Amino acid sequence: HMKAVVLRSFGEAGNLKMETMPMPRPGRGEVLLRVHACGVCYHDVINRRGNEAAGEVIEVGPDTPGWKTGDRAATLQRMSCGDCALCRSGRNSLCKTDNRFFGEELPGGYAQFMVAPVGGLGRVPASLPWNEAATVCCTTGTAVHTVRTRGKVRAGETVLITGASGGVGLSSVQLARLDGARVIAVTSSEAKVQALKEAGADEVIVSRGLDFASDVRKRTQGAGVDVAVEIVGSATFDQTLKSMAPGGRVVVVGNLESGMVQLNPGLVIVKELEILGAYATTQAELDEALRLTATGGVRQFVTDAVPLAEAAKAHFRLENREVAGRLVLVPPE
């Protein structure tokens, strides 16, 4: 047997039912994990309507060479098949052969136990506390795919980050600076200014999302930034494109839920801007994200740890924007 939180009917935050469930058994090329912590990012609130954890390896399944008992591991969000045309090409976030996503087709991490294939796990260094390790893939893990893999930030470039207050934002500020770039952060609240500074931001602009283009210009000596991390949800797109320098790059990341944004094709044309989608974290990207966390080059900002039984209270605090940071669910022993 095994204790877990289950959702059988979409709707309200209180529908997350603590059902006693059976323990899963790993198949060929799979492993059983004892969940020590599991983060709640707003994508789960989206899944709570109709539209990220870490633990110890206790039982290894057949055809699992690299892994043993007691090994530390953290899970991605999207499973990725091995050898397709896009995987061998490095475009693992677009594979359709194995589109399995944790918390959906594969049992989520709201359980004391869970199984995961080999390719969907990243080794967690021994230095990492479990709470912080469970919030890496959807913060720093997304930062690696956005800042490095897709955006390809280079030392000597200036990066704009809209909606910089958040899991992906604060990790993108750190990583972009760690790779030798200057960081201009845009936030909506004065309170989030000091955090962005402590995270390494060279400039922090407080804007509702319709007036910062000029300030980003004055701060770049009229040149404009080379890269933009567009974290949708703040109504900032028009000002972002105007903040770009000629040939600048805009890497779009965020949730599907946010409405359509204001696009002026003229700006893209005459400035030859590159708007790039950035989606899923790769196993290699997660391994790097976990290292950068152990290293100290990219921190985590855990607001509070919550018992797994209180999963309904977690989604409520996250639904009403009554939290600043990333909450974690700890299953009982």
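Start at 1 with the first residue shown and count on from there.
Enquirer: How big is the unmodelled gap, if any, between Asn51 and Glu52 relative to the deposited sequence? Choose none, 1 to 3, 4 to 9, or 10 or more.
Expert: A long stretch, 10 or more residues, is missing between them.
Enquirer: Between 234 to 242 and 69 to 77, which has the higher average C-alpha B-factor in the PDB entry?
Expert: Looking at the recorded C-alpha B-factors, 69 to 77 comes out higher on average.
Enquirer: What stretch has the higher average Cα B-factor here, 155 to 163 or 130 to 138?
Expert: It is 130 to 138.
Enquirer: In the PDB entry, which of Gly119, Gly209, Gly222, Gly254 has its C-alpha at the highest B-factor?
Expert: Among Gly119, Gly209, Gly222, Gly254, the highest C-alpha B-factor in the entry belongs to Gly119.
Enquirer: For the listed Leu106, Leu178, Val144, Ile184, which has the peak Cα B-factor recorded in the PDB entry?
Expert: Of the candidates given, the C-alpha B-factor peaks at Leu106.
Enquirer: Compared with the other modelled residues in the chain, in which third is the CA B-factor of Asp202?
Expert: According to the entry, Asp202 has a C-alpha B-factor in the chain's lowest third.
Enquirer: When the deposited Cα B-factors of this chain's modelled residues are ordered and cut into thirds, is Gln174 in the lowest, the middle or the highest one?
Expert: Within its chain, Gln174 is a lowest-third residue by C-alpha B-factor, going by the deposited values.
Enquirer: Ranked by Cα temperature factor within the chain, is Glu274 in the lowest third, the middle third or the highest third?
Expert: According to the entry, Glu274 has a C-alpha B-factor in the chain's middle third.
Enquirer: Can you tell me which third, lowest, middle or highest, the CA B-factor of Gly297 falls into for its chain?
Expert: Lowest third.
Enquirer: Relative to the other modelled residues of the same chain, rank the CA B-factor of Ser188 and answer lowest, middle or highest third.
Expert: Middle third.
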